[PDB]
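The chain below stands alone and is given as structure tokens, in the form deposited without 5-chloro-1H-indole-2,3-dione.
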């Protein structure tokens, strides 16, 4: 068995190997990459996403989200308070202000220490989940707006034609902006490209050990657990590495820098934070190996998780017993 300790693997494809996206994902899995739940892909030196980032300031962040924490430093939830619209140039200036900027630090480890010590005492503003793309239309390799669609994968594997579409999302971050512990919708893959700015630190639990994280979360967030049998689908709970280590939960960590891709694998729980002003692009995708994960994915039916139009068909075809209850949650 390849990668039996479930370490995060880092790949350096050549420009020739960067042509065929599906083939390279399958190669990474042949080497055991999926066992970690997360892999890093450094693009060949010849490749670029676009020519420059000099002209992005007029993108609108229609609903910036202020991430307000409750709890203790290592075990907290966050809620998202909606703020007035602002442009990416306005948001960058805000991120760089004395109230929100990255503090002085020695290295990524010192910054990570400061994040876990102090996150709860601040409320950073995240421009998340913005439909759109920063890849140039002429970028032919690993262009997250030109991937094969999940609807087409389902149709190719299972024969059933379904409605829905699959487009990327932009994320504009600042110091301390936070992504809570989660797997993807329908335990899909994700791919995330850090277009510009400061790093993103990731934490991940191997898919084979995901239920250990879930049992800890039920113990740490006991009211939330009574409310919903899949409350991590709400994407609000944080647990620090120190707390994970104290409770014996297997995990790994890695920091993504500008110009690098990350792939999350089916049922790989992940969480993390931004180091300072940045912009990332991410999208879900599927392979043949995902179908069995999609059939087994948990679902929130309490009403909190509320998701895209396209998840309807995935539930209806892969999980017809759950369909009725899940759709009640959506309506």
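If you superpose the two forms and keep the largest set of C-alpha atoms that fall within 1.5 Å, you have the rigid core. Shifts are known only where both forms have a C-alpha. Residue numbers count along the first chain shown, from 1.
Unshown form deposited with 5-chloro-1H-indole-2,3-dione bound; subsequent notes refer to it.
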query: Once the site C-alphas are superposed and 5-chloro-1H-indole-2,3-dione is modelled as in the entry with it bound, is the result open or blocked, blocked being 3 or more ligand atoms within 2.4 Å of any backbone or C-beta atom of this form?
result: blocked
task: Indicate whether 5-chloro-1H-indole-2,3-dione has at least one heavy atom within 4.5 Å of a heavy atom of residue 300 in the entry with it bound.
output: yes
query: Does 5-chloro-1H-indole-2,3-dione get within 4.5 angstroms of any non-hydrogen atom of residue 41 in the entry with it bound?
result: no
- request: Using the arrangement in the entry with it bound, list in sequence order the residues of 310-328 with any heavy atom within 4.5 angstroms of 5-chloro-1H-indole-2,3-dione.
  value: 315, 323, 326
message: Where exactly does the backbone move between the shown form and the other one? Looking for runs of 3+ consecutive residues, each with a CA shift of 2 angstroms or more after core alignment.
response: 324-328
